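To keep things clear, I will list the structure first and then write my remarks on it.
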Amino acid sequence: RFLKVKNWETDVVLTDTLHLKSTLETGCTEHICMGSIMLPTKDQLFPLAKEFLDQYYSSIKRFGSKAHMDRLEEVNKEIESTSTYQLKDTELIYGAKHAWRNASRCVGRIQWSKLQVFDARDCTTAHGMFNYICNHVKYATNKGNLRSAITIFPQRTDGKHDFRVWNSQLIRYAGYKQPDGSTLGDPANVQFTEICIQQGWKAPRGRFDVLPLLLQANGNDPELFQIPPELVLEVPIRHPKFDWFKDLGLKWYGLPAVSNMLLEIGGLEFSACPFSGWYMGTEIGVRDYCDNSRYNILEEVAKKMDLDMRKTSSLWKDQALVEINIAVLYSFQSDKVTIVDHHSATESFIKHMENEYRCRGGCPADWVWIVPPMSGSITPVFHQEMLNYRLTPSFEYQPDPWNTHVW
Amino acid sequence: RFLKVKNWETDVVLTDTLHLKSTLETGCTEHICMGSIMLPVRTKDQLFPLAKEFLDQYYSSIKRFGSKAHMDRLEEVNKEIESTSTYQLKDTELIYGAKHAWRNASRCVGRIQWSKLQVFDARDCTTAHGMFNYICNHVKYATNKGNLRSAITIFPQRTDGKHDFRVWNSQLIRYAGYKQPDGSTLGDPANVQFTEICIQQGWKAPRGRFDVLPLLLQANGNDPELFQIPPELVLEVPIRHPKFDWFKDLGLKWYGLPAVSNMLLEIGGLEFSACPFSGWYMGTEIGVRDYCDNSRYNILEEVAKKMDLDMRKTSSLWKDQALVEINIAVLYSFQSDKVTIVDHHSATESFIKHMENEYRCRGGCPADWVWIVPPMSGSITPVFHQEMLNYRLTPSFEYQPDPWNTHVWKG
Ligand code: HEM
Ligand code: HEM
Ligand SMILES: Cc1cc(N)nc(CCc2cc(F)cc(CCCN(C)C)c2)c1
Ligand SMILES: Cc1cc(N)nc(CCc2cc(F)cc(CCCN(C)C)c2)c1
Ligand SMILES: C[C@H](O)[C@H](O)[C@H]1CNc2nc(N)[nH]c(=O)c2N1
Ligand SMILES: C[C@H](O)[C@H](O)[C@H]1CNc2nc(N)[nH]c(=O)c2N1
Ligand SMILES: [Zn+2]
C-alpha cells in the first residue's frame, strides 16, 4: 500500500503515498497491463465538490476552518438549488494548476505552479472566444519569450450547451490529399481541414498553411476565424553546419497549444480550455518531421547528407534524426523563441519528481510518454521507475465535436 | 472477452483473445499501473492443476487432445505427484516447454525466432564440474564460430529448495568490475559485487578493463565452485568504426554471445532454477546500454571529444551524435568479423510481423512496450507506434533472488 520506485542509474529509492488519494481508473487489471494503450447528476456532484474543496482548503492551511465549512455548506446549498455550482476565482486558478500538476504524461510539470489562468467564463459567443484566444496567443507568445497559459471557457451545463474549440491545437498546419494520391502539408490534419472547407474556409492548398479556428459557443454551431498572422510566431528551420538544410523549406510554429482536452475541477467540466507552454525539441524534430504518418522527411534529409540508405544497419535514419533535431533547437534558439532539449527537460523532471515525492508524497507519471522518442536511455527518465495513476483535477481526452454535434 | 490494440502509424487493429489464458499477476490494478516497475518448495495441492494445464496445452499443440495418450499421461503424472510429490517431464514436453517460455517472454523483441531453439537436457547433471562441462558445450554450440545459434541448457528442477542448481553468474560471459580506493571503477561497474565474490572465492583477477569472469556454479544446493571458461571458446569482437580510424584506439571490444543464466524456467509447475539460454545481440544492447549508460562503461564523453563535438551545451546534442556513431561501430565490427548481430530497425520490424502472425495464429502476443522499444531512436522504429498488451502466460522465465543472498553456506 506504500509503494517504492527505484532509479536504476542512481539507486535512489522514493516512497509513494500519494497514489492512495487516486480516484479515476487506469484501464489496467491484475491480469493485464494496458500501459501502452494511448486511449483507454446532483448525487454525483457534491462528493466531488467536497473532495476538491477539502484539498483546496488543506492547501491554504485552513482545513476544518469556518471558512472551509461555510464554503462547503454554500456549495452544498448551491448544488441542491441549481444542480451545479460556480468556482471562486481562487479555486479555478488552483484547479487548473493542479490539473497540470496531475498530468502524468507531461514531462514539463516542474513549471506547474507558474501558469497564467485567463478566466473566460463570461464568454457567450464564438467571436468572444476568438478574442479571448487571440489574447491568449499574444500573451503566451510574448515575442518569443514564451509564458505558460490556459484560457477557460464556461463549464458544461446539460451537455447541450458545450463550448468547444474544434481545433486539436490552436496553431497547426493544414492537410490536403492530392489527386497524385500523395499528401500535401500535415497528414494528421487532413480530416479537420476538410471540415474547415465544408464549413467555408478558403484553403490556399499550401504545405504549411496555418489552420483557421473553428469555435463553438453555448452548444451552438461552430464558426470560422483566422488568427492574425502577426500573432502566429513561426521559425524557419536551418542547420548550423549544413547550408543546404534551408532549401528543404521547413518551418514550424513557436506555440504548442492544446485545445481539444477537457478540464475537470471539483466535478465540474470545462470542455473548452486551451493551454500552452513551450516545445521540447523532439516534439517537432522527431515526431512532427520524422514520423512516417507525418511530414516524414527522413529520406529527403538522408539523401542530402549522402548516406548509404541501402542497409538499415548503417543507421542512416538515426544519423539524419540527430541532425534534424540539432537544426530545430538551433533555429529556435537563434530566433530567441523558447525551446527545451530532451536532456534538459528530462533532467528538470527528475528534479520535479524528487520535489513532489518530498513535498506531496508522490508524482504520477506515465513512463511510456515521459521518455523522449529519441536517445531514451541516455536521458535520466529512462532509468526511473514511475507509478502511473489518475488524480483530479485533471485534463481528460474527450470525443471530437463533429461526431457529437447535433448540427 | 475481446481486446483491441491499434498501431498508430498504420491504423492496423488487432484483437486479443489469448489474454483470457492469463494466470499469473501483472502488479497493476484498476488504481495503479506498475508498467515501468522493473521487478515484481511447492505443495502437491497446487501442483497437479499446474501440470494438467500444461499437459492440456502440450497435447492440444500436437493435436492429440483427449487422446488415450493424453489421458494416460495425466494419469501417470497425477500418480507420480501423489507418490513422489513431484514429477518428471518427458523430453518432448521439456522442449515444448522451453520454447514456449521464450515465446511467452513479453519483454523479448527477438521472439520471431522462438521455434528455433536448441534444447540441451542437462537433467542428469549432479556436480558443479558436470555443470561446467555442459555450459562449455552450450557455449561452443551456440557460438558456432560466429554463426550464432539459440540454445538453452536445462539443469535439474528444484525439489525442496535446499538442493537448487544455480549458475551464480547473471550471464555466462561478462566482464569483471573493480572498485578502486579512489572510487573510480575499472572494467564493468555493473559487475563489481559479483567480481568481489569471485575474488573471495579464490579467483585470481588480472584486473583489466575486459576480464571475462570465471563461472561460479552451484550443484544440488552445495557451495558454488569456480571454473574458467576456456578462452578459445569465448568469441570476442574488437570495436572499430568504418570512417573514424581513431575509434579502434578507444580499446573497446565485446563478447559475441549474450547468454542469460540467472533466471528461472517454470514449466507445468516445475521450477528449473538453472537454465542458461543464449541468442544473439541486438546492437543497441552493447552500443547504447553497455557502452553508454552512465552506470556502465560510460564512453560518451571520450567519443564526443574525439569527434570534436560542441560539448558545452546539451542542445548541441553531442551525446545523441556520439551515441549514433558508437552504435554504427558495434554493428560494423560484428558484421565485419561475421558474428551474428541484428540492428534495432531490423529487429523491431521483424517483431511487428511476428506479433501480427501471433495474433492471427494464437489470438495474441503478450508484449511489454517499456522493454520492447529500443533505448535509442524509439519512434523511428515501428514498435513505438504499436499498442501492446502485457500479461503473463506459462511456461515462463521468471526472476529469482540472487543466490548469494539466499544460499546457506556449507563451508
Ligand atoms: C511549459 C513547458 C511544457 C513542456 C516542455 C511540456 C512538455 C510536454 C510533452 C513533450 C508532452 C508529450 C506530448 C506529445 O508527445 O504529444 C506533454 C504532454 C502533456 N502536457 Fe505538457 N508541456 C509543457 C506545458 C504544459 C502546460 C502549461 C500544460 C497544462 C496547463 C501541460 C499539460 C499537458 C498534458 C495534459 C499532456 C498530456 C496530453 C495528452 O495526454 O495527449 N503541459 N507535455
Ligand atoms: C535470438 C536472438 C534474440 C534477440 C535478438 C533477443 C533480444 C532481446 C533483447 C534486446 C532483450 C532486452 C535485454 C535487455 O535489455 O537487457 C531481450 C530480453 C529477453 N529475452 Fe530475448 N533475444 C533473443 C533470444 C532469446 C532467447 C533464445 C531466449 C530464451 C530461450 C530469450 C528470452 C528473453 C527473456 C526471458 C528476456 C527478458 C529478460 C529480462 O526480463 O531481464 N531471448 N531479448
Ligand atoms: C502545452 C504543451 C506543451 C508542449 N511542449 N507540448 C504540447 C503538446 C503539443 C502538441 C502539438 C500538436 F500540434 C500536436 C500534439 C499531439 C497530437 C495528438 N497526439 C496525441 C498524437 C501535441 C503541449
Ligand atoms: C538470450 C538473449 C539475447 C539477447 N539479444 N540479449 C539478451 C540479454 C543479454 C544481456 C547480457 C548482459 F550481460 C546483461 C543483460 C541485462 C542485465 C540486467 N539489466 C536489468 C541490467 C542482458 C539475452
Ligand atoms: C502506442 C504508444 O502508446 C504510442 O506510440 C505513444 C508512445 N509514447 C508516446 N509518448 C509521447 N510523449 N507522445 C506520444 O504520442 C506517444 N505515443
Ligand atoms: C525503470 C525502467 O523500467 C527501466 O529503466 C527499464 C526500461 N526499459 C528497459 N528495456 C530494456 N530492453 N532493458 C532494460 O533494462 C530496460 N530498463
Ligand atoms: Zn499497467
Side-chain angles (χ1 to χ4, degrees), chain A residues 3 5-6 8-10 19 22 25-38 281 286-287 290-293 298 312-315 317-319 321-323 325-326 329-330 333 341 343-344 347 365-368 371-378 382-390, chain B residues 3 5-6 8-10 19 22-23 25-38 283 288-289 292-295 300 314-317 319-321 323-324 327-328 331-332 335 343 345-346 349 367-370 373-380 384-392:
Chain A
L3 300 172
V5 299
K6 177 175 184 165
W8 289 87
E9 188 190 340
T10 63
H19 69 283
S22 140
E25 289 167 4
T26 64
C28 297
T29 83
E30 299 80 22
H31 293 248
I32 187 161
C33 178
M34 299 213 147
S36 74
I37 304 298
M38 193 187 300
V286 179
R287 305 305 311 285
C290 296
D291 264 16
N292 256 265
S293 69
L298 272 182
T312 56
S313 61
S314 76
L315 311 190
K317 278 186 185 193
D318 309 72
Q319 267 173 318
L321 184 72
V322 178
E323 301 296 340
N325 280 272
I326 284 167
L329 292 172
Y330 177 73
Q333 289 170 339
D341 65 80
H343 304 291
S344 179
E347 186 213 328
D366 186 339
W367 191 103
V368 165
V371 176
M374 75 179 277
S375 295
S377 68
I378 58 163
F382 179 94
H383 310 270
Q384 179 68 58
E385 293 182 347
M386 304 175 186
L387 292 168
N388 191 24
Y389 49 95
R390 300 261 298 236
Chain B
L3 287 179
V5 289
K6 176 178 187 166
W8 285 88
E9 176 188 351
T10 64
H19 72 270
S22 177
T23 41
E25 292 180 323
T26 64
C28 302
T29 70
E30 288 89 329
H31 297 139
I32 204 146
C33 178
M34 308 250 292
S36 70
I37 305 310
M38 187 176 311
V288 185
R289 308 302 308 291
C292 288
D293 272 10
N294 292 335
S295 69
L300 275 184
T314 61
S315 350
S316 64
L317 306 189
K319 286 190 165 180
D320 313 68
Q321 223 161 17
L323 183 65
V324 177
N327 276 275
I328 285 168
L331 293 167
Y332 176 69
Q335 295 171 349
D343 66 79
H345 301 293
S346 176
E349 184 185 356
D368 181 345
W369 193 102
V370 167
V373 182
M376 71 182 279
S377 313
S379 74
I380 60 159
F384 179 96
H385 304 273
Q386 182 62 56
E387 290 186 344
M388 298 172 191
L389 292 171
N390 191 26
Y391 49 89
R392 264 126 141 277

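Just so we're on the same page: letters track the sequence lines, and every chain starts at 1.
If you tally non-hydrogen atom pairs under 4.5 Å between each of B:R289, B:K6, B:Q386, B:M34 and chain A, the highest count goes to B:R289. With respect to chain B, the highest number of heavy-atom pairs below 4.5 Å among A:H19, A:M38, A:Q333, A:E25 belongs to A:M38. Taking chain B as the reference chain and counting heavy-atom pairs below 4.5 Å, the highest number among A:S313, A:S22, A:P372 is found for A:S313. For the set A:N388, A:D318, A:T312, A:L298, the count of heavy-atom pairs under 4.5 angstrom toward chain B peaks at A:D318. Of the residues considered (A:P373, A:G376, A:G35), A:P373 shows the highest number of contacts with chain B, using heavy-atom pairs under 4.5 Å. With chain B as partner, the option from A:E347, A:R390, A:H383 having the largest number of non-hydrogen pairs under 4.5 angstrom is A:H383. Per-residue heavy-atom pair counts under 4.5 Å with chain A were compared for B:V288, B:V5, B:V324, and the maximum is reached by B:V324.
Interface residue B:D293: only side-chain heavy atoms are found under 4.5 Å from chain A. Proximity to chain A is limited to the side chain of B:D343, based on heavy atoms less than 4.5 angstrom apart. Heavy atoms closer than 4.5 Å to chain A are found in the side chain of B:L331, but not in its backbone. Interface remark: B:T23 contributes backbone atoms only to the contact with chain A (heavy atom separation under 4.5 Å). The parts of B:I32 that come within reach of chain A are both its backbone and its side chain, each placing non-hydrogen atoms under 4.5 angstrom from that chain.
Between the side chain of B:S36 and the backbone N or O of A:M386, at least one donor-acceptor pair lies under 3.5 Å. Side-chain atoms of A:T26 come within 3.5 Å of backbone atoms of B:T29 as a donor-acceptor pair (strictly under, hydrogens ignored). Although no hydrogens or angles enter the test, the distance criterion places no donor-acceptor pair under 3.5 Å between the side chain of A:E9 and the main chain of B:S295.
In this structure, the side chains of A:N292 and B:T10 stay at 4.5 Å or more apart for every pair of heavy atoms. Contact of the A:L387 side chain with the B:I37 side chain is registered, since non-hydrogen atoms from C-beta on lie closer than 4.5 Å. Side-chain contact check for B:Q321 versus A:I326: some heavy-atom pair is nearer than 4.5 Å. For the pair B:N327 and A:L315, the minimum side-chain heavy-atom distance is below 4.5 Å. The side-chain heavy atoms of B:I380 and A:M374, taken from C-beta on, include no pair separated by under 4.5 Å.
Expressed to the nearest 0.5 Å, how far CG of B:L323 lies from OG of A:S377 amounts to 6.5 Å.
When all heavy atoms of A:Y389 and B:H31 are compared, the pair lying nearest together is CB-O, 3.3 Å.
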